[PDB]
Amino acid sequence: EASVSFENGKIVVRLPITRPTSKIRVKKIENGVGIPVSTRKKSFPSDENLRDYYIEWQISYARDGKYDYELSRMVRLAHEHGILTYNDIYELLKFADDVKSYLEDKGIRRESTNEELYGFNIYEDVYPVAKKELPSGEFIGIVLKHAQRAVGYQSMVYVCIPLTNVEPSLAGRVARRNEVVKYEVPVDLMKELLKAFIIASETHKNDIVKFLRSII
Amino acid sequence: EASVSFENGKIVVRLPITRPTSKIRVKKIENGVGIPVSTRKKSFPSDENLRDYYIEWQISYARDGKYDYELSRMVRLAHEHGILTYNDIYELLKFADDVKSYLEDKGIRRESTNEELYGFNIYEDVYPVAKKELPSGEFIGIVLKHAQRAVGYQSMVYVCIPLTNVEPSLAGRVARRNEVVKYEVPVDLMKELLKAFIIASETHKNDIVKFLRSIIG
DNA sequence: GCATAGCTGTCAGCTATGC
DNA sequence: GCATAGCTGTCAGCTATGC
Ligand SMILES: Nc1ncnc2[nH]cnc12
Ligand SMILES: Nc1ncnc2[nH]cnc12
């Protein structure tokens, strides 16, 4: 339900904010950890406190093994209009050429504590995270966690967009039935997203490199 | 696909070990955490390293709004056949009455590091875990993680049984097509399992308490 | 014989459905 | 208008289905 278009010299994306179990989830990110939000029941703050509210998007890039879906389309569209240039892609390919390690290589561990809870010993499951933040507010998270349907752990890439960066302003009120917000995607966000996939896993890198070399 | 029966003075559970996406999964311990295992492709060690392979079972207790399913049935049969006494249940109910805090009350946090990865800053997501290990080999884990289909995080209770405690011994070979192992359940495992739910969350406690009370009558 | 479709943890928000 | 059924992140192991 993510619609990517090109309006007024900008790559525009329209995101649904009422599907808490989709790949596009509204979360209140405080203390670093994302917490679910009932957009249809809880009215958003009207203060400057709207900065704590992000849109967690596990962005796609492949469909029918063709690489013309969401991120891949955004990149293609950006390339078509001369926003993303040859040198921009050449940088990314040069960047991927030097990548030897990935987040997926990092391991999950269970650490012990001296705390107890009614006879039970307290431990901590520790999952590795790679994260880059953009000055405009958006940040990109690469999180190692279990696959939703498959077996094992993968690097998950999330694009997190603060609600202060989208329109209309959700401040002071509640999300409407099937409400969709509009978001102008900066080109720098795409490059860092591509970098994020490149360092996520060797498999992701090979896909991105293949895709980028196909449009040079 | 988890059958529970009473045989020869013991509670016996038969577990399928070729469904790695079910609530019964075979995992190999590694740095404290479990790693998935393709039982149909892996020749289990004939060595003494088989004690590092366990059966992760996200055990159930409710169905159709009635508590006669897996764990709940196990408890009923144990009490009916005089393996779980009234004093055992009082001891558990008294224990539940003294619980004011739960694992679900603990918080998830994202810690920072001084480590990087090609410009990206490395962080660590830390989820709380409550664990209890029986001297027999089995251990029980209570893990705060996201719900599979629902929204948000909740306490997950897993029963971890080492393969060295079940029959037959899979040492040396790979698993068979739809192979099922047999495991006799200790009372202490049943008792500590109930405590786990009791401290997992306030909702689980009310379930266990209502269940145990219905048994006495 | 051989390739793969199609199912696959104890659960909550939202809305199309059915009336 | 209202109560609720039934859908719901980018993916792998296993085995019955298809041929
Ligand atoms: N094993 C389990 N883990 C988490 N929640 C549960 N509810 C019932 N059984 C459970
Ligand atoms: N956003 C994403 N996160 C993880 N894996 C992916 N594969 C394709 N898109 C992905």
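Here the structure is shown first, and the text comes after it.
What counts as what
- Here every chain is numbered from 1 following its written sequence, which may not line up with the entry's numbers; residues without coordinates are dropped from view.
- To read the labels, note that chains go from A and ligands from 1, taken in the order they are written.
- The side-chain numbers reported here are obtained from all heavy atoms of the structure, hydrogens and water having been left aside.
- Here a residue is considered near a molecule or strand provided that any single heavy atom belonging to it is located within 4 Å of it.
- Pairs of N or O atoms are called polar contacts if they sit within 3.5 Å, as long as, within protein, a hydrogen donor faces a hydrogen acceptor (for residues adjacent in sequence, only side-chain-to-side-chain pairs).
- For the area figures, the Shrake-Rupley method with a 1.4 Å probe applies, and any residue is considered shielded solely by the protein chains shown.
- Strands are runs of DSSP state E lasting at least 2 residues, helices are runs of H or I lasting at least 4, and numbering of each runs from the N terminus.
- In this classification, the charged set is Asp, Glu, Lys and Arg, the nonpolar set is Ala, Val, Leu, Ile, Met, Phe, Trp, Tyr, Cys and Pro, and all remaining amino acids, among them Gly, are polar.
- Strand pairing is assigned whenever DSSP detects at least two bridges linking the two strands.
- Angles run from 0 to 180 degrees between N-to-C directions of axes, and those axes are lines fitted to C-alpha atoms, restricted for helices to the stretch in contact.
- For this analysis, residues touch if any pair of their heavy atoms sits within 4.5 Å.
- Buried area is a sum: the accessible area each of two parts loses on coming together, probed at 1.4 Å, counted once for each and added.
- Think of a salt bridge as a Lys or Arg side-chain nitrogen and an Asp or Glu carboxyl oxygen that are within 4 Å of each other.

> With reference to specific residues and values, describe the site of ligand 2.
Residue and element names in this part refer to chain A. Every residue near ligand 2 is listed here: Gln58, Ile59, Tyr61, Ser155, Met156, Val157, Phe197 and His204. Between ligand 2 and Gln58 there is a distance of 3.5 Å, counted from a nitrogen atom to a side-chain nitrogen or oxygen. Within the backbone of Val157, a nitrogen or oxygen atom sits 2.8 Å from a nitrogen atom of ligand 2. Notes on ligand 2: free accessible area 260 Å², of which the protein chains cover 82%. Broken down by element, the residue count for the shell around ligand 2 peaks at three residues, all from strand 9 (residues 153-162). For the shell around ligand 2, a count of residues per class yields five nonpolar, three polar and no charged.

> Outline the protein's contact with DNA strand C, listing residues and values.
Close to DNA strand C lie 26 residues, the nearest being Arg40 and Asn178 of chain A together with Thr21, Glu56 and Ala150 of chain B. The sugar-phosphate backbone supplies 55% of the atoms of DNA strand C found within 4 Å of the protein. Here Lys23 of chain B contributes a backbone N or O atom positioned 3.2 Å from a base nitrogen of DNA strand C. Within the contact set of DNA strand C, a sugar or linking oxygen lies 3.0 Å away from a backbone nitrogen or oxygen of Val151 of chain B. The element contributing the most residues to the surface near DNA strand C is strand 9 (residues 153-162) of chain B, with three residues. Residue composition of the surface near DNA strand C, by class: six nonpolar, ten polar and ten charged.

> Lay out the sheet that holds strand 10 (residues 180-185) of chain B with the relevant residues and their values.
Residues and elements named next belong to chain B. Here we have three strands laid out as an open sheet, ordered 1-2-10, and antiparallel in their pairing. Every interior strand has two partners, whereas the edge strands, strand 1 (3-7) and strand 10, have only one. Direction aside, neighbouring strands of the sheet carry axes that sit 30 degrees apart on average. Both strand 2 (residues 10-16) and strand 10 contribute to a ladder of six bridges, which runs antiparallel. Paired with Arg14 across the two strands is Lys182, which belongs to strand 10.

> Summarise the protein's contact with DNA strand D; cite the residues concerned and give the values.
The immediate surroundings of DNA strand D are formed by 27 residues, with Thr21, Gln148 and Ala150 of chain A together with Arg40 and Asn178 of chain B found nearest. In this structure, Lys23 of chain A approaches DNA strand D through a main-chain N or O atom, which is 3.2 Å from a base nitrogen. Contact distances for DNA strand D include 2.7 Å between a base oxygen and a backbone N or O atom of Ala150 of chain A. The dominant element in the surface near DNA strand D, judged by the number of residues it contributes, is strand 9 of chain A, at three residues. Looking at the surface near DNA strand D, its residues break down into six nonpolar, eleven polar and ten charged.

> Provide a residue-level description of the interface of chain A and chain B, including the pertinent values.
Counting residues at the interface gives 48 residues for chain A, matched by 49 residues for chain B. Taken together, both faces of the contact between chain A and chain B bury some 4,100 Å²; the carbon and sulfur share is 63%. Counting the surface chain A buries against chain B, the share from its top three residues, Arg110, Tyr118 and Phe120 of chain A, is 20%. Summed over the shared surface of chain A and chain B, the number is three salt bridges. Here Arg109 of chain A makes a salt bridge to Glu124 of chain B, at a shortest N to O gap of 2.9 Å. One can count 14 residue pairs in polar contact joining chain A with chain B. Secondary structure elements with two or more residues in the side of chain A that touches chain B: strand 4 (33-36), strand 6 (109-117), strand 7 (120-133), strand 8 (139-146) and helix 3 (187-198) of chain A. Ranked by residues supplied to the side of chain A that touches chain B, first place goes to strand 7 of chain A with 13 residues. Along the lines of polarity and charge, the residues of the side of chain A that touches chain B split into 25 nonpolar, nine polar and 14 charged. Across eleven bridges, strand 7 of chain A lies against strand 7 (residues 120-133) of chain B in antiparallel orientation. Bridge pairing links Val126 of chain A to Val126 of chain B in strand 7 of chain B.

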